[PDB]
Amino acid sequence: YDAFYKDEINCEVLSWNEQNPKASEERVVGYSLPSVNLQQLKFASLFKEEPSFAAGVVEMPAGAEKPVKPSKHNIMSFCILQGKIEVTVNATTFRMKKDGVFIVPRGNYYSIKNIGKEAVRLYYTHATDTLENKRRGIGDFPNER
C-alpha cells in the first residue's frame, strides 16, 4: 500500500559526539527519490556529511548532454535507476541502463549523455580522503597540481 511508505524519513540518531557519546539529534535519514523536488540537468543534495561524504539525485531530460567535468579530489559514484545513458570516463565510453553503476576515481574526467527518450534519474555519491587532502592539498594555492 503506497500510503505506508513515507516520502521523507525524520529520525533521532546518535551524534557520534566524542565528548558526549550519548548525545542525539533529529536528522533526515531517508528519501523516496521520485518525490524529491529538484533545481540542463536536475539535482538535489539529500545526505550531507561535510566534508567527507555527500549524496543526492540527478535527473536528465531527453536529449540532455552533461559536458565533461573533472572529478578532482572526489571519487564519484553513480547508480542508474531509470533511463538510458552513454558515459565517458577518460576517453573510454560505455552505455548503461537500470542497475548499472560506475565510478569516476579522483583525478579523472567524465561526461554523461541521455540516449533515451525517458528521463534518466541517478543516485550519486561523492567522497574524499580528508586526511590525504590535508597532507597533499586540494590543488589550490600553494599546492597547485
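Numbering starts at 1 and runs along the sequence shown.
According to the entry, the stretch of the deposited sequence that connects residue 39 to residue 40 contains 4 to 9 residues lacking coordinates, which leaves a gap of moderate length in the model. When 78-86 is weighed against 25-33, 78-86 comes out higher, by mean CA B-factor as recorded in the entry.
Note on 62-70 vs 47-55: mean CA B-factor is higher in 62-70. Ranking 19, 10, 130, 125 by the C-alpha B-factor listed in the PDB entry places 19 at the top.
When the modelled residues of the chain are ordered by C-alpha B-factor, residue 112 sits in the middle third. Split the chain's modelled residues into thirds by C-alpha temperature factor. Residue 104 is in the lowest one.
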